[PDB]
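K.L.:
pasting the first bit of my complex, frame unchanged:
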Amino acid sequence: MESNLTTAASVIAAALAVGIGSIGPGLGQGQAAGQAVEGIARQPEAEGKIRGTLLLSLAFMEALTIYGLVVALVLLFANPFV
Amino acid sequence: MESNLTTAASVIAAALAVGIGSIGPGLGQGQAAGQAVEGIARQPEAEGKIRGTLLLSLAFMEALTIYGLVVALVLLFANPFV
Amino acid sequence: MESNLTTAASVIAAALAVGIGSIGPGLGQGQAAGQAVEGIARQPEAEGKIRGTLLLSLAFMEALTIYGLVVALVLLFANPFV
Amino acid sequence: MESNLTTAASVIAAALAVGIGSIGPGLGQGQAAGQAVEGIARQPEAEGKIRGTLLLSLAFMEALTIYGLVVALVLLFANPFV
Amino acid sequence: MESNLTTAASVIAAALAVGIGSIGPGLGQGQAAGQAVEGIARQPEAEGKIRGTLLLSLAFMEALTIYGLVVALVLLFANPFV
């Protein structure tokens, strides 16, 4: 077992990196998704093209929070200091 | 039974990750869903294409918060430090 | 009757997780529900399609807060450290 | 009687759990309910479909706070530490 | 006339419970009622249905703040620690 400052900072850091990490993307995806379904009702014929661009967008946004997830796991599993 | 700083942090870290980490995704899902039923109401014939594109979005968004859940479960059940 | 830091941290943590945890999803569910009723007033024939999609959405949002409910219940009944 | 740090944290925790845990669902129901009635005015023949779907959603949000309540009640009546 | 940390946290917690706990429901209700009177003016003939559903929502919202009151009262008249 270990318990210095760094271990403590590490676990908090981990949590913040995904907690704060998901706020922007959280909102972002909601926005895009909303527009796409509204679009799909307007032009059902256009669903595939829309579904396609939505996904491209959803990728980019989810990547942002995964960067936090990645940092979090380096801090818990591959921690460079403790 | 253990108690030090790192354990105290670990539990606060847990809650923040899962708590904070829900703010964005939750607002986002509400936005996406609202638009979809509004969509369905406009063009009922398009329900399926909407329900489908919506399930897509919801997963991406939900997954965002599931990253925080993961971090919490590690901190609680597979802690590297304590 | 133990009262170290980690017990006081736990109780605080359990509260935050489930309290902060409900903000986004509480708001979002309202957004979704609102559109659904406005929808049902516009196309009462589409009630069931609307109702089903809404019900699905609500579950997705309800989960988000349930993750904070699960972390809280571990911290109270399955506490790893104290 | 007993007045350690954990009993102190426990009272505050219990209050935070329901004080904050109501903000989200509090706004949410008001949005949903507002929509409902406005719809009922525009389309009175849909009252039962509206009212019904509305009632459904209302439950979901109400639960979001009842989770905070539950935690509060444990921290008070079934406290695991003090 | 006993005075300790736990008694101090108890009076503060009591107020925060009830006090913060009004913000959400207070706004939410205004929102719902605003729509109702607007609706009642658009379709006086629907007043009954509108009044009826409004009362339903009010109740659901009032109950959110009552939970805070409930805690406040426990902390002040059935405090488990002091």
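P.N.:
Good, I have the coordinates. Numbers count the residues shown, from 1 in each chain, chains lettered A, B, ... in the order given.
K.L.:
okay, CA-based contacts and neighbour counts for the rest of this
P.N.:
OK.
K.L.:
Phi first, then psi, for the residue nearest the centre of chain A.
P.N.:
Nearest to the mean C-alpha position of chain A, by Cα atoms, centre = their mean, lies residue A:65 at 2.6 Å. Here is the backbone geometry of residue A:65 (degrees, to the nearest 10): phi -80, psi -30.
K.L.:
give the contact list for it.
P.N.:
Residues counted as contacts of residue A:65 (Cα atoms under 8 Å, 6 or more residues apart in numbering or on different chains) are A:18, A:21-22, A:25, B:64.
K.L.:
okay, those residues in a markdown table with secondary structure and neighbour count next?
P.N.:
Shown next, in a markdown table, are the contacts of residue A:65 (DSSP: H, G, I helix; E, B strand; the rest coil; neighbours: other Cα atoms under 10 Å in any protein chain shown):
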| residue | secondary structure | neighbour count |
| --- | --- | --- |
| A:18 | helix | 31 |
| A:21 | helix | 26 |
| A:22 | helix | 32 |
| A:25 | helix | 24 |
| B:64 | helix | 29 |
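K.L.:
so which of the residues you listed would you say is closest to chain D?
P.N.:
Here the nearest of the contacts of residue A:65 to chain D, counting by Cα to the nearest Cα, is residue A:22; it sits at 18.1 Å.
K.L.:
what residues are up against the closest one?
P.N.:
With Cα under 8 Å, 6+ apart, residue A:22 has these contacts: A:64-65, B:21-22, B:24-25, B:64-65.
K.L.:
Now for the contacts of residue A:65: which two are most distant?
P.N.:
A:18 and A:25 (10.9 Å; Cα to Cα).
K.L.:
ok, back up a step: distance of the residue nearest to the centre of chain A from chain C?
P.N.:
For residue A:65, the distance to chain C equals 16 Å [Cα to the nearest Cα, to the nearest Å].
K.L.:
Now do residue A:28: how many residues are near it, please.
P.N.:
20 (other Cα atoms under 10 Å in any protein chain shown).
K.L.:
so who does it touch?
P.N.:
Per Cα under 8 Å, 6+ apart, neighbours of residue A:28: A:61, B:28.
K.L.:
Just the element for it, please.
P.N.:
In this assignment (DSSP states H and E), residue A:28 forms part of helix A:23-42.
K.L.:
If you count neighbours, what's buried in that helix?
P.N.:
For helix A:23-42, a neighbour-count test (16 or more other Cα atoms under 10 Å in any protein chain shown) marks A:23-41 as buried.
K.L.:
any idea how far residue A:9 lies from residue B:13?
P.N.:
Distance, residue A:9 to residue B:13, using Cα to Cα, to the nearest Å: 10 Å.
K.L.:
add chain F to what we have:
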Amino acid sequence: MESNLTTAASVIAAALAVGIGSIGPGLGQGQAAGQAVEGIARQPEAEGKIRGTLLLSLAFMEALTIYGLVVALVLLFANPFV
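P.N.:
Next up, chain F placed on what we already have:
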């Protein structure tokens, strides 16, 4: 005369319980009132029904802040600790 922590926490608690207590309801009532007068201009014939539902609403909202007022007076006049 008395002056421990609890007396001090008590007086502050009292103030917050009504100060914060009135914010939500404060806004809420403004909203509903506004809509009702706007409604009354639109359908003067409908004034009684409107005036009726407004009042029902204004009750509910004022009750929320009175819960704070009640806590405040227990803290000043029926204080359980000091």
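K.L.:
so, the buried residues of helix A:23-42 revisited with chain F in the model?
P.N.:
A:23-41.
K.L.:
Dump it to CSV, restricted to CA.
P.N.:
Extracted in CSV, the C-alpha atoms of helix A:23-42 (Å, rounded to 0.1, in the frame of the first residue of the first chain):
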residue,chain,number,x,y,z
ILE,A,23,-18.9,18.2,-20.0
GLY,A,24,-18.1,19.8,-23.3
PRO,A,25,-18.4,16.6,-25.4
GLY,A,26,-21.5,15.7,-23.3
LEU,A,27,-23.2,18.9,-24.4
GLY,A,28,-21.7,18.9,-27.9
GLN,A,29,-23.1,15.4,-28.9
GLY,A,30,-26.5,16.2,-27.6
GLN,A,31,-26.6,19.3,-29.9
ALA,A,32,-25.5,17.4,-33.0
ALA,A,33,-27.7,14.4,-32.4
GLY,A,34,-30.7,16.7,-31.9
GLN,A,35,-30.1,18.4,-35.2
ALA,A,36,-29.7,15.1,-37.0
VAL,A,37,-33.0,13.7,-35.9
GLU,A,38,-34.7,17.0,-36.6
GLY,A,39,-33.1,16.8,-40.0
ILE,A,40,-34.1,13.2,-40.5
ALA,A,41,-37.7,14.1,-39.9
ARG,A,42,-37.4,16.9,-42.4
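K.L.:
before we move on, back to that, how much space is there between the residue nearest to the centre of chain A and chain E?
P.N.:
Distance, residue A:65 to chain E, using Cα to the nearest Cα: 29 Å.
K.L.:
ditto for residue A:18
P.N.:
Using Cα to the nearest Cα, residue A:18 is found at 27 Å from chain E.
K.L.:
Was I right to think that residue contacts residue B:68?
P.N.:
Yes - between residue A:18 and residue B:68 there is a contact under Cα atoms under 8 Å: 5.8 Å.
K.L.:
tell me, what's touching the two both at once?
P.N.:
With Cα under 8 Å, 6+ apart, residue A:18 and residue B:68 have common neighbours B:17, B:21.
K.L.:
Now do the contacts for residue A:12.
P.N.:
The contact partners of residue A:12, taken as Cα under 8 Å, 6+ apart, are B:9-10, B:12-13.
K.L.:
so which helix or strand takes in it?
P.N.:
Applying DSSP H and E as the criterion places residue A:12 in helix A:5-19.
K.L.:
what angle sits between that helix and helix B:5-42?
P.N.:
Computed by axes from the mean of the first three to the mean of the last three Cα atoms, to 10 degrees, the angle separating helix A:5-19 from helix B:5-42 equals 0 degrees.
K.L.:
can you slot in chain G too:
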Amino acid sequence: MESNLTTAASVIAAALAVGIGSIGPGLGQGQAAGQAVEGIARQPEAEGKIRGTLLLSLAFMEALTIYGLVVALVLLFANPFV
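P.N.:
Placed with the earlier chains, chain G looks like this:
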């Protein structure tokens, strides 16, 4: 002439109650009044029914802040503790 903590708090408590306690009600009244004169302008014939329903609202809202005023006067002129 007295000075301790509880007296120092009592005065800060006073101001907060009356200060904070005005924020909501003040915004709310502005909203209600604005709508009423706008109302009056639209349908001048309906002045009286508006003036009347408005006086109603204003009282409920004003009363909210008067609760804070009461708490302050007690803290200053009928203090239980100091």
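K.L.:
Repeat for the buried residues of helix A:23-42, accounting for chain G.
P.N.:
Counting neighbours by 16+ other Cα under 10 Å, the buried set in helix A:23-42 is A:23-41.
K.L.:
For residue A:41, give me its contacts.
P.N.:
Contacts of residue A:41 by Cα under 8 Å, 6+ apart are B:39-40, B:42-43, B:46, B:50.
K.L.:
mind listing what residue A:56 touches?
P.N.:
With contact set as Cα under 8 Å, 6+ apart, residue A:56 has no partners.
K.L.:
between the helix or strand residue A:70 falls within and helix B:47-77, how many degrees?
P.N.:
Element membership for residue A:70 (DSSP H and E) is helix A:47-77. Angle, helix A:47-77 to helix B:47-77, by the same axes, to 10 degrees: 0 degrees.
K.L.:
Figure out how far helix A:47-77 is from the centre of its chain.
P.N.:
On the basis of Cα atoms, centre = their mean, to the nearest Å, helix A:47-77 sits 5 Å off its chain's mean C-alpha point.
K.L.:
Relative to residue A:51, how far out is the residue nearest to the centre of chain A?
P.N.:
In terms of Cα to Cα, residue A:65 sits 22 Å off from residue A:51.
K.L.:
I figured residue A:10 hits residue A:76, correct?
P.N.:
Yes - under the criterion of Cα under 8 Å, residue A:10 makes contact with residue A:76 at 7.3 Å.
K.L.:
Counting neighbours, which bits of the helix holding residue A:12 end up buried?
P.N.:
Neighbour counts over helix A:5-19 (16+ other Cα under 10 Å) mark A:7-19 as buried.
K.L.:
where's it relative to the chain centroid, distance-wise?
P.N.:
The answer for helix A:5-19 is 17 Å, by Cα atoms, centre = their mean.
K.L.:
Would you reformat the buried residues of helix A:5-19 as TSV and include distance to residue D:82?
P.N.:
Listed next are these as TSV, based on distance: Cα to Cα, whole Å:
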residue	distance to residue D:82
A:7	28
A:8	25
A:9	28
A:10	29
A:11	26
A:12	26
A:13	30
A:14	30
A:15	28
A:16	30
A:17	33
A:18	32
A:19	30
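K.L.:
just these now: which is nearest chain C?
P.N.:
Distances from chain C to the buried residues of helix A:5-19, taken as Cα to the nearest Cα, are shortest for residue A:19 (11.0 Å).
K.L.:
Nearest residue to that closest one in space, please, no chain neighbours.
P.N.:
Leaving aside its sequence neighbours, residue A:19 sits nearest to residue B:21 (Cα to Cα, 6 or more residues apart in numbering or on different chains; 3.9 Å).
K.L.:
Touching, that neighbour and residue A:25? I think so.
P.N.:
No - in this structure, residue B:21 is not within contact of residue A:25 by Cα under 8 Å, at 10.8 Å.
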